[PDB]
Amino acid sequence: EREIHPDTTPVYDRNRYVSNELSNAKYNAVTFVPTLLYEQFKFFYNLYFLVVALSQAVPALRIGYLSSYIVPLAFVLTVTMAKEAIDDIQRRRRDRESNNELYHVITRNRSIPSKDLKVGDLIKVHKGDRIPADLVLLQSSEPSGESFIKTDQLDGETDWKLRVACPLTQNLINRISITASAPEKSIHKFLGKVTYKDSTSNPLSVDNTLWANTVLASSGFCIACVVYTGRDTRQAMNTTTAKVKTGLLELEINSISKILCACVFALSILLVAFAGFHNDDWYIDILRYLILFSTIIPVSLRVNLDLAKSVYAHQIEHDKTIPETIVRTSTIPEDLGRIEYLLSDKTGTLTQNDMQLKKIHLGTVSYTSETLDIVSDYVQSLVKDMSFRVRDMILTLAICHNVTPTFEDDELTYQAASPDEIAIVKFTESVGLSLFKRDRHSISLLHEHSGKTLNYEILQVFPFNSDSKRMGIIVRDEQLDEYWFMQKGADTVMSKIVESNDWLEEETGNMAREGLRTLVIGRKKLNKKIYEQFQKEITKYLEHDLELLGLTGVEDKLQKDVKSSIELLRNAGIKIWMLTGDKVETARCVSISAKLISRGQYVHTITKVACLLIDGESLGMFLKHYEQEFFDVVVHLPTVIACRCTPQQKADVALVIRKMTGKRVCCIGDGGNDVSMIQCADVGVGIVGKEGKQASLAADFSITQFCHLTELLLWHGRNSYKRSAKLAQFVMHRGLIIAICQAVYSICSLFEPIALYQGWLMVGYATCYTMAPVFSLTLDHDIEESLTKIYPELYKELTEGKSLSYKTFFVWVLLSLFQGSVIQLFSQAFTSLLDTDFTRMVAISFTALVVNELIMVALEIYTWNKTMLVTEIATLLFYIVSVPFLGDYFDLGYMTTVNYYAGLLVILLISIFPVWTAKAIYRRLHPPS
Ligand code: ALF
Ligand SMILES: [Mg+2]
């Protein structure tokens, strides 16, 4: 229940109803810190360095500088708050750029923005303008009182919906009371009542209402009253609340961080047990050693990950090959690189929503958009037999339809609830015989060409019906006075009823193999007496025997490079589905034309109360009851195609895919009917370029068309995941190698592992001397963007998870064991460990560590930019010139010795030769392609 008086401004303006302001931002000022801190310190690899930093509050676990465990905690906090604060303010900016659209109010007498709009203000909404909210039509410009709303972004439909004005109020200006029902999720239902003076209640239904993101057509203006606004709209109530999205690589790093924590705890317990359980405080010893060993990985890993994600977002949204792309969730730029299931969409996403009669065929010959001059000079002769057949074909095309034309200064406009008829009439005017003035209530039609304006008053029309697949007319010519029966329809229905032709089925199948929506057309000459016998009066008499004029091939235009995009996304192992709110037949035609369904490849179909093609109710019931069995059936099919899908159904399909397989689900679309599919995905991609952009606003990414998703997945996300995995590898390697050097020094000399690197040296290793070459790895790629099309199978090589797994983590751990043991033990061997050779020993150990990391960085580079050859030399020279001036106390030594440099050469060659030879033999055994 909801009662609306158009004139009582204060009662709705001040309160009682939601404002039209829509919000995409997640965190407000009051709950920006608690929510972000809570959802950031749920995982282990964050809570771990938080506990490491909080350990030093107790004045017994102090390992070193307080300027080393609290300033990187403040740095990770600063970076996190900055990133999500920038994300929220950018979301607010993007959302307010579409909350300021100007709409004219009857009472306010001035154009006001959409957010200023409330419930119950009469908007004079015009033709090409996007509908503001859930409107109810109280008056229409046309005397009939009907207009064609356009819901390609309310649901996935491609036809125009005939919405009539309220018949009691379309003549009226006076104030008219509305009383609607409470808002629901029913996108195809409406229950309201229009109340006038003297208690005259009237019915309202879906046929006299406009909704949130519809676009008007078939008028010049119309007066409509807002009923549902803001979050009470049918659009915003078919949407589930968005949740935070943690990447898969985040989970992998969390798991390997858990195992790393277990490893360093075991190493610390081993160190203390080997010491001898002395000092009367063994628990303090194991805790202090654990803090020592686990304070260089868990916090450097986070800063490296966060700044790498920022770099990935900047690289994505600054690509010339993908213009005008926007990253709206910067926390997951690497889920794009491991996507196994793609949930695409048809209307706007795949198609241009612009159908056009591509091909006409008759008498075993065909005309196309190419060579339209021949058919033009054929029709211009209206005022051997092939010319007459073509002329009568064109006449039947231009008369049999249900298209309403209306006039401007020029560029006459067509208005039909079936846009294939609009494509037909546009084709006829392009050939030369144009539709003009049509009554459509009385009996009249006007048609002018290069000659004289004809006229054909209709005699009867049989409306198009969903169970009939036919549109038939009886028409009377003015000039020649001839009764004609003209019918167009589907192949399956008119094939048995048109004639005894010999060539229908072949050409119908031939063009249906190209995804053309074919309609066959037949003609029957009539005289008067049979017509008055007909008018004496079920459907048997009206269709007896026709003559096949020909058939029409109407294509649904696809977006730029859709078939190639689908071919390469399936060549990379991504199983493209296609869920749509449109009709079954148009979905099948788009699937065949886009080669989502290839040659042959029999298609099954389900409609309940190889390939697949299922209705919405059938899929909903199947996922409600038969989850596991049906889903295990469908995962082996190449493509599953769904039709008539509620947004909840697409969201549930994405949820079921990411739950029953544990794979990552991308979901591309546009318009608000696939917002839930986008928010409940693991990656949400939106598309812009038309009147509606509301799915791109709520999405995680945004691209201008469908061709851009190929390079958004195959090159940007794949590189993002690869670079993040290699970054985690190198950070954990440097932390583990310093931990191993300290542990080897502790076993070889019973003092402490803490007493090896004290003061400046440990801080400099953690931050100054090592952090730049990892971000050097952040800017590396194996194959260029120009060759991400030729090699889609590279996207298949990341399918297993052979980059961040337990096996490769333990390979890193074993490499760290080997190299740290070599560094520490050869340092002890060359420096002859005592209490006076400690400085030289720690000097050679630290220099070996630094150069070892800088060589291991330079070993794992595919292509060398100039932003990586300089950030290694910069750090190496910083270490070289940072020994005397900033150190001088720690690790002091002579270092101007020929034997020292040979010892360093040996201690580094033994550490970097296994890695180099392993990658050499692995490159000579498994060449890449
Ligand atoms: F664009 Al659709 F269902 F194909 F919303
Ligand atoms: Mg849509």
# chains A, B, ... in the order shown; residues from 1 in each chain; ligands from 1
$ residues_near_ligand --ligand "ligand 1" --cutoff "9 Å" --atoms "only C-alpha atoms and all ligand atoms" --output "PyMOL selection string"
chain A and resi 152-158+344-351+353+578-583+587+642-647+669-674
$ write_last_selection --atoms "C-alpha atoms" --output "compact mmCIF listing (two decimals), in the first residue's frame"
# COMPACT_ATOMS: atom_id res chain seq x y z
CA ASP A 152 16.75 -3.47 -22.79
CA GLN A 153 18.18 -2.45 -19.39
CA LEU A 154 15.24 -3.30 -17.13
CA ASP A 155 15.32 -6.92 -18.32
CA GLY A 156 17.19 -8.36 -21.26
CA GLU A 157 14.36 -7.94 -23.77
CA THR A 158 14.90 -6.60 -27.29
CA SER A 344 28.05 -13.59 -20.62
CA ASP A 345 24.88 -11.71 -21.53
CA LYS A 346 23.16 -11.08 -24.87
CA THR A 347 21.29 -7.77 -25.16
CA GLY A 348 23.71 -4.85 -25.33
CA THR A 349 26.54 -7.08 -24.13
CA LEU A 350 26.75 -9.28 -27.24
CA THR A 351 24.23 -7.60 -29.55
CA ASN A 353 20.20 -4.06 -30.02
CA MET A 578 25.05 -16.98 -21.92
CA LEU A 579 22.25 -16.02 -19.54
CA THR A 580 19.65 -13.59 -20.86
CA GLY A 581 16.25 -12.15 -19.99
CA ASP A 582 15.21 -12.15 -23.66
CA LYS A 583 13.14 -14.59 -25.73
CA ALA A 587 18.77 -16.06 -27.98
CA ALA A 642 19.67 -19.62 -20.50
CA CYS A 643 16.69 -17.47 -21.44
CA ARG A 644 14.02 -15.47 -19.60
CA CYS A 645 16.28 -15.23 -16.56
CA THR A 646 15.46 -13.19 -13.48
CA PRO A 647 18.52 -11.33 -12.11
CA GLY A 669 26.78 -7.43 -18.86
CA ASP A 670 25.06 -4.07 -18.94
CA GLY A 671 21.84 -2.78 -17.48
CA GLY A 672 20.42 -3.43 -14.07
CA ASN A 673 19.13 -6.94 -14.71
CA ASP A 674 22.67 -8.36 -14.50
$ residues_around --residues "residue 89 of chain A" --least-positions-apart "4" --cutoff "12 Å" --atoms "only C-alpha atoms" --output "list in words"
residues 23, 24, 25, 26, 27, 28, 29, 81, 82, 83, 84, 85, 93, 94, 95, 96 and 328 of chain A
$ closest_residue --among "A:678, A:709, A:596, A:226" --to "ligand 2" --atoms "only C-alpha atoms and all ligand atoms"
A:678
$ closest_residue --among "A:493, A:299, A:695, A:194" --to "ligand 2" --atoms "only C-alpha atoms and all ligand atoms"
A:695
$ select_by_dssp --residues "segment 521-598 of chain A" --states "helix (DSSP H, G or I)" --output "mmCIF file with C-alpha atoms, in the first residue's frame"
data_model
loop_
_atom_site.group_PDB
_atom_site.id
_atom_site.type_symbol
_atom_site.label_atom_id
_atom_site.label_comp_id
_atom_site.auth_asym_id
_atom_site.auth_seq_id
_atom_site.Cartn_x
_atom_site.Cartn_y
_atom_site.Cartn_z
ATOM 1 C CA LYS A 528 -15.512 -9.143 -52.668
ATOM 2 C CA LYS A 529 -17.904 -12.051 -52.150
ATOM 3 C CA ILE A 530 -15.494 -14.265 -50.200
ATOM 4 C CA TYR A 531 -14.653 -11.268 -48.010
ATOM 5 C CA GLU A 532 -18.291 -10.646 -47.119
ATOM 6 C CA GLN A 533 -18.650 -14.390 -46.502
ATOM 7 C CA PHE A 534 -15.728 -14.090 -44.066
ATOM 8 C CA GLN A 535 -17.201 -10.997 -42.398
ATOM 9 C CA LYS A 563 32.460 -14.143 -32.584
ATOM 10 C CA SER A 564 36.255 -13.791 -32.522
ATOM 11 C CA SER A 565 36.099 -12.845 -28.842
ATOM 12 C CA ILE A 566 34.057 -15.962 -28.059
ATOM 13 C CA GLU A 567 36.390 -18.150 -30.138
ATOM 14 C CA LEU A 568 39.507 -16.937 -28.313
ATOM 15 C CA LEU A 569 37.863 -17.033 -24.887
ATOM 16 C CA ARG A 570 36.945 -20.673 -25.549
ATOM 17 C CA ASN A 571 40.420 -21.378 -26.956
ATOM 18 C CA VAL A 584 14.197 -18.125 -26.624
ATOM 19 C CA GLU A 585 14.270 -17.716 -30.408
ATOM 20 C CA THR A 586 16.329 -14.518 -30.467
ATOM 21 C CA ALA A 587 18.770 -16.062 -27.981
ATOM 22 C CA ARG A 588 19.196 -19.098 -30.239
ATOM 23 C CA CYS A 589 19.667 -16.872 -33.298
ATOM 24 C CA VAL A 590 22.305 -14.760 -31.536
ATOM 25 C CA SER A 591 24.050 -17.919 -30.316
ATOM 26 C CA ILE A 592 24.201 -19.354 -33.841
ATOM 27 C CA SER A 593 25.291 -16.068 -35.439
#
